Every structure is written in structure tokens, then in C-alpha cells.
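>
Chains as they are written, first to last, in the entry's author numbering: chain Ad, 18 to 126; chain Ah, 1 to 69, 103 to 315, 323 to 365; chain Af, 1 to 69, 103 to 315, 323 to 365; chain Ax, 150 to 198.
#1: Should residue 357/Af and residue 329/Af be called a contact, given that it needs their Cβ atoms to be closer than 8 Å?
#2: In the stretch 244-274 of chain Af, which residues sit with their C-beta less than 8 Å from some C-beta in chain Ad, listed in chain order?
#3: Give the interface partners of residue 185/Af over in chain Ax, defined as CB-CB distance under 7 Å, in chain order.
#4: Would you decide whether residue 199/Af is buried or exposed? Buried here means 16 or more other CB atoms lie within 10 Å of its CB.
#5: Roughly how far, in whole angstroms, is the beta-carbon of residue 120/Ad from the beta-carbon of residue 78/Ad, given that I think they are within contact range, below 8 Å?
#6: Within the same chain, show all residues whose beta-carbon is closer than 7 Å to that of residue 280/Ah, passing over the 5 residues directly before and after it, in chain order.
#7: What separation, rounded to the nearest whole angstrom, lies between the Cα atoms of residue 103/Ah and residue 130/Ah?
#8: What residues in the stretch 28-55 of chain Ad bring their beta carbon closer than 9 Å to a beta carbon of chain Ah?
#9: So, under 8 Å CB-CB, residue 166/Af and residue 209/Af are touching, yes? Tell me the CB distance rounded to an integer number of Å.
#10: Determine, for residue 186/Ax, whether the minimum Cβ-Cβ distance to residues of chain Af falls below 8 Å.
#11: Residue 252/Ah and residue 112/Ad: beta carbons closer than 8 Å?
#12: Determine which residues share a DSSP beta bridge with residue 55/Ah and list them.
#13: Given a cut-off of 8 Å on the beta-carbon distance, is the pair residue 37/Ah and residue 25/Ah in contact?
#14: Is the CB of residue 16/Ah under 8 Å away from at least one CB in chain Ad?
#15: Measure the C-alpha to C-alpha separation of residue 39/Af and residue 121/Ah and round it to an integer number of angstroms.
#16: Nearest to residue 214/Ah by alpha carbon, out of 54/Ah, 189/Ah, 344/Ah?
#17: In whole angstroms, give me the CA-to-CA distance for residue 367/Af and residue 31/Af.
#18: Do the CB positions of residue 67/Af and residue 33/Af come within less than 8 Å of each other?
#19: Using 10 angstroms around the beta-carbon of residue 292/Ah, count the other beta-carbons present and answer buried if the total reaches 16, otherwise exposed.
#20: Alpha carbons only, please: which of 352/Af, 109/Af, 304/Af, 308/Af is nearest the one belonging to residue 123/Af?
#21: Excluding sequence positions up to five away, which residues of its chain have a Cβ less than 7 Å from the Cβ of residue 275/Ah?
#22: Just to confirm, is the Cβ distance from residue 348/Af to residue 227/Af under 8 Å?
#23: Does the beta carbon of residue 284/Ah come closer than 8 Å to any beta carbon on chain Ad?
#24: Keeping to the same chain, check which residues put their C-beta closer than 8 Å to that of residue 313/Ah; ignore five residues upstream and five downstream.
#25: Based on Cα-Cα distance, which residue from 153/Ax, 191/Ax, 188/Ax lies nearest to residue 166/Ax?
#26: Going by C-alpha to C-alpha distance, which of 258/Ah, 222/Ah, 350/Ah sits closest to residue 338/Ah?
#27: Exposed or buried, residue 47/Af, counting other C-beta atoms within 10 Å across all chains shown (16 or more means buried)?
#28: If we ignore side chains and look at the alpha-carbon of each, how far apart do residue 126/Ah and residue 11/Ah end up?
#29: Please report the distance separating the alpha-carbon of residue 187/Af from that of residue 82/Ad.
#30: Should residue 82/Af and residue 61/Af be called a contact, given that it needs their Cβ atoms to be closer than 8 Å?
#31: Along the chain, where does the alpha helix (DSSP H) containing residue 154/Ah start, and where does it finish?
#32: Output, in chain order, the set of chain Af residues within a Cβ distance shorter than 8 Å of residue 165/Ax.
#33: At 3 residues or longer, what runs of the beta strand (DSSP E) sit wholly inside the stretch 60-105 of chain Ad?
#34: Taking 8 Å as the threshold, find out whether the stretch 60-67 of chain Ad comes into contact with the stretch 251-271 of chain Af through three or more Cβ pairs.
#35: Can you give the Cα-Cα distance for residue 261/Af and residue 65/Af, rounded to whole angstroms?
#36: Please return the same chain residues whose Cβ sits closer than 8 Å to the Cβ of residue 95/Ad, not counting the five positions on each side in sequence.
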């Protein structure tokens, strides 16, 4: 387990390739895990990318991208959902009252 | 008699080496040396102390170079209430800074290159001339661990390519995948041997070795990257079932699996036929010799793996070898 | 003569210690001791057996306290068909249980405290009085590893703040950042020395040491807690390039980075100038002495790092030192 | 004109500014040849020193 900071993200056929500092860890890192949620942050934006090494082999390091810490929504109690990875007020919420969405414009299709 | 061994430090000859010992092993990254010197002291009068903790050292055996520091990397001055007062020295190969210096690589992770182009950019921070004679290997990913010593990474990366990494006598660094081919002497029993001790231990042999490891190529995954890259190599000399399995540390490639597998086989096979010999009077390691010991029936070509010259004040000249096929 | 060494065990003097040996080392956490005792046995007659597995042991050297166990940590009864039948004993410092007990901390993770207030809550489970004289340090986060020994954690935490952790001669635990300042004797060659052995090894020195480590403060992240905290410290006594790099185990702070760097520098520097001396007839470690060995040219102040008293049935008294500048 | 702290401390603004001016005055050491001409100029004869 190790900690580094994001600079650059590029797309390829079998996932996303990132360069995440911690010295020149790699120009083209091994693809990143998605698990359902993914995003494409702009170049050199505040956020952190943990790297997990396949076994103890330094040749494999899967990243785990995280939302910027200045922009994490302080959810209310007994609530959860997903949010815009660069703003805390454009999100989707599934509560005990109703499926709540928040945004200044809606589109479909 | 014409001095069969002469020692030089910084260009001023050592005329009082009361003892000596020089070792050169193929299974490491640096040779060594050790010289015992007689030192004097007279009270209430001036003395001159060199105490140079570092300078070049050379050893010439019978008018031929046999070692190259750098030198004087350790100095100790024993002393006794009785017998006498003396000094000791030590030295190692020119690469003795790699074995004790953590790498300071400019970035810390190669993008895409070959092993040779990596060994050049790691060692050339200390001005040590490489001597490459192997086969170049191209790999997609190399990232040297952070802070790992130089003698760890070179040894680690050269283990999976069956590259021996050992030092020459001139001060370079030699990476080879075989023998130097310099034919030596026919060490025949009853002619020049003084002692010997052969051996054959079954506790260090394996008939079947298996290697596994995932893949890291630019775009590979799934079955082709996890369950596919498996390869097995067998010795067939041991007539018993002693299975072994190994894990690969790198970007697995079917060619590389066997190369790592063969490297283990050579190491195990050599370790199961170690021999020692003493040949009295005082060229190089890796040579090819012939041996004869009918009592154990040695009638096979041999190749040396280690060398040692030792001397004593009481005239005990000797020389030891560690053969293995 | 007036007994220059007396020993007590629970208040009954040992009048039959056929041999003795005491040690006190600054580079550890507990002293030691060893006593050999003559024992008898008459067949078909009663014998009184003590076999004390635990009790206090005290050693006084020339009417002065020199150790405070707690004692009888070991009991072995040697025996021979020939020479004789005897017993042996051993002892260690009062903190012996810290050296061999896993911590039982109330919770297992401090919220926000200082190192002193942590060492008090670790040691005081076994009632061992602390002797603190170093500077206090504030640590935002501490969490003792679950089940780790007391010796490991104190040594680990005190390494990054240049705290020496060693015992006194009374039964306490002394944490200090320097010498006790007690000026000793001027050990001069030809006056009281009996033997010596100096040394200077280059294989344990580094001209430039580098450290790395993230921050763990309440709210620190990004470039200010990942890449920013790096600091370099250099010795400048070695005239060669032997780079080293270290990783920090804790909450990195620019002040703490250098303190860890200095601790390594003092350790490496001392290890590269180890000395030994024997001074015949039989105050404390860490003292300040003057030395004079013109043959090698020692004219520098020294701080003793270890001490040893040894006796024998054949009158052979001695004492050893492990000085270092 | 604008900078920022490298070692955050609680209760202190995350950004700081310099005065209307700026930092300057730093300079490198003096070599041998520039020193020689300066010393000679002092020893020589010149009107209106």
C-alpha cells in the first residue's frame, strides 16, 4: 500500500492509464479499477490516488482514484448516494422520503 | 626467488606484508583482500602515521595482475601486552560502492527499455565501467524499488535472465551467461593435489520446477494474463519426485519463465556437486579444467567457481578452488 | 584487602562466588550479571535447597553500587563426572518484564498527547520508575501496534527523536539526549592501558542521508502531505559519495525528519570508530575521558559506551570499555 | 506578490502576501579573477578616488 497524487489520466482500450507522482512512478500506469464509478479529472487537479501492488511485485500497481477532499459532500444522517466528483451540490440521493436529485438542468435520452 | 606476489597501495610498495589473502568468488558481486602489516613504536620520539582510509590497491601474483581495489576501505590496529603490535587492512572491488550505496535514480521507474540500458543508468552515477557480453532483453516495464541497494536490484533483475553478475580482476563489472572458456590445467590426483573433499547432497535438488506469474504488457488481461503464463522445466538427473514451485517477480513471458527456471536448475545442480582442492604453490575463475579421482571416479570436465591465494610468515603457500559442473 | 566487589541477594551476602561478571551497555535497555557458586552434596545426608527463581540481586564494586537487578532470572546446575559440581545464576535490570512482556495498554491508540505522557502509561503497568530528562515532543497521532513488546515500541518511538534509552545503576529507566557529563579518568598509554584495538570501517558510513514520510495531521493532504515533506542531512566527514535513503515510520514533520537523520548520523559515526581497552584493576558509562595512543595518534575526547567487570578464582581482575567519539 | 505557507498551522490564513516590493539582494560568491582586479585597483594610482 502506498500514497501518491494525481496529475494526468489517459484512456486506452482496456481501462484508464494514469500518472500519479510519487517520483516518476510511471508514465503509463497499469489500468485502474472502476468498480462502477469513474471520472476523468482535469490535468493537475487536487486529488489523491492510492496504489495497490499485486502481491509484493513493484511491477503491478492498481490505482484507486478518490474525489478531491475539498469537494466531499457532508451527507445528512441516514442518507447516501453519488455526487458530481468536482462539486458537492450536484448529486443523487436515495432517502426514506424520496429519490432526490439536485441540479440546475435535467436531460434524458 | 622472483617474488610470486607483490602488493601495491597508491603506488608505494608494501615491503612488510607479513601475511596476505586474496579471494575471488563468482557467486557474489565483489572480491576481497586482507593484508597484515608490522608496525613499530618507540616512546618519547616522533612517529609517522598514514592511516589512509581509502586509496587504490593492486595485487600482482607472479608478475600478473590478480585484483583491483577501492583499497584501504577498513583499517584496524590490533595490539597485545605480549606477542606484538601490528596492523590490518582490507579492500574490495571498485564496485564496493554499489554494494553499500542506495540508488539515486533520476525518476525511479523506466517507461520501456532493455535491461542493458537500465544497468548503465544505475551504475554510471559512480563511474564504474561495465563489461557486457550477454544477450539483450527487452521488457515493457521496469521500476526499481525505492531505496533498494544497487547490489540487490542488479542481482534481482539478472536472476530471471540467467545472467551471472561477478567482477573481473581489472576493475570492471562483467555480466555473463556462461563460462569465459579459458582452458586451464589438468588437476590430476597424485600430481598436484594436496587435499580434496567432494560431496553429493540430495537435500538441494528438485526433479520438477514450476514457475508462475501474471502479465503486465501494455494491453493484456483476463485469461491471457493470469492463468495462461505457466511453464514447467525438469532436470531428469535426480530419479525421484521432489516437486517445487516458484513465483515470478516481473512481467511474465513464456521465454522468461524457462530462463528463470533454468537459472534455478544450474544453481541447484552446482550446489549438489561442490568440490574443494588444494594445489600448494601459487589463472582465473570460470576456467575449464580436468580432474582425476578414481576413488570417487571423477573423470569429467570441471569449471572453477572460486579462487583463493593465501600466504603466511611461516612459509605456508597454498591455493583453494571450489569446482562445480 | 578491603573487598573491591560485594554482592547481595535479598539481603544475605554471597560468600562463595567463585567467579563474577557484570555488564552495562548504553546500546540496549537492560544490563546483566552472572555469578558462579560452589555447591556441595553429601550422600545419605540432608541438603538444604534454595532454588530462588526470583529475588533482588545487588552488586557493590569497591564500596559503591554498580547494579540493581529482578534477580535469579536463570538457575542452572552444572555438574561433571570429574572436575566438580557447581551452580550458575543470572540477572537483569528492573525493567526485565518490559523486555519480555507484551503491552496491555488500556485502549491501544492515543488521541493527542506527547511522548513522555505515553511512556508513563506503558511502563507504569509494572511499576518501574522513569527517569526523564530529555525534551518533550508533541505527537498528533500515536497507536501502539497490537501485542507488540514494550521494548520494541519504546525503542521505535525514541529512535526518531534522538532519545537514548538505557538503564542507570539504581533500578530506573533513563532517557537522555547526550552524555551525563561526569568527567572520568585520563586513560594514557603506558600508564594504565593493558590492551587496545582501534578501528575505522568505511562500510558503515554515508555522506548523505535522505528521509521521506507523509503527514497525518488533523487536516493535511495533497501536495502538502505527500511530496512536500522531504529533508536531507549530510555528515561531511566522509570524503566520498555513499548516498542513503530512509523511510519514516510516523507523522512526518520537517523538524522530526532531521532528528531521525541526526540519530542515524550519530549511530553510524560511533560505529565507525569503535575502540576497546583493558584497564586491569577495577565510574559509569557515558562519562567523558581523555585518551592518548600516539602510535595511532588518538588525542581526542571520548564517551564510554559500555562497561564490564570480570573476576576469576585465579585472581585475574580486569575491566573493559567500548569508547567512541 | 503572492505566496503560500508550506507548513500549515491552525488558525493562520492558508495564504500570505509580501509587501509592495519584493525579495532581492541575494548574490553569488566572488571568484578569483574578479577579486584580483578589485585588489589591484585599490593599490593603483587614480585621480579623484
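Even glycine gets a Cβ: it sits at the ideal position worked out from N, Cα and C.
According to the structure data:
#1: no
#2: 247, 254, 255, 256, 259, 260
#3: Under the 7 Å cutoff, chain Ax gives no residues; its nearest Cβ is about 31 Å from residue 185/Af.
#4: buried
#5: About 36 Å; that fails the 8 Å criterion.
#6: 245, 246
#7: 9 Å
#8: 29, 30, 31, 32, 39, 40, 41, 42, 43, 44, 45, 47, 48
#9: 6 Å
#10: no
#11: no
#12: 104/Ah
#13: no
#14: no
#15: 46 Å
#16: 344/Ah
#17: As shown, chain Af starts at 1 and ends at 365. That puts residue 367/Af outside it, with no answer to give.
#18: yes
#19: buried
#20: 109/Af
#21: 238, 239, 240
#22: no
#23: yes
#24: 225, 227, 357, 358, 359
#25: 153/Ax
#26: 222/Ah
#27: exposed
#28: 17 Å
#29: 36 Å
#30: Missing here is residue 82/Af; chain Af as given proceeds from 69 to 103 without the residues in between.
#31: 148-156
#32: Those within 8 Å of residue 165/Ax in chain Af number zero; the least Cβ separation is about 14 Å.
#33: 65-70, 78-82, 98-100
#34: yes
#35: 51 Å
#36: 112, 113
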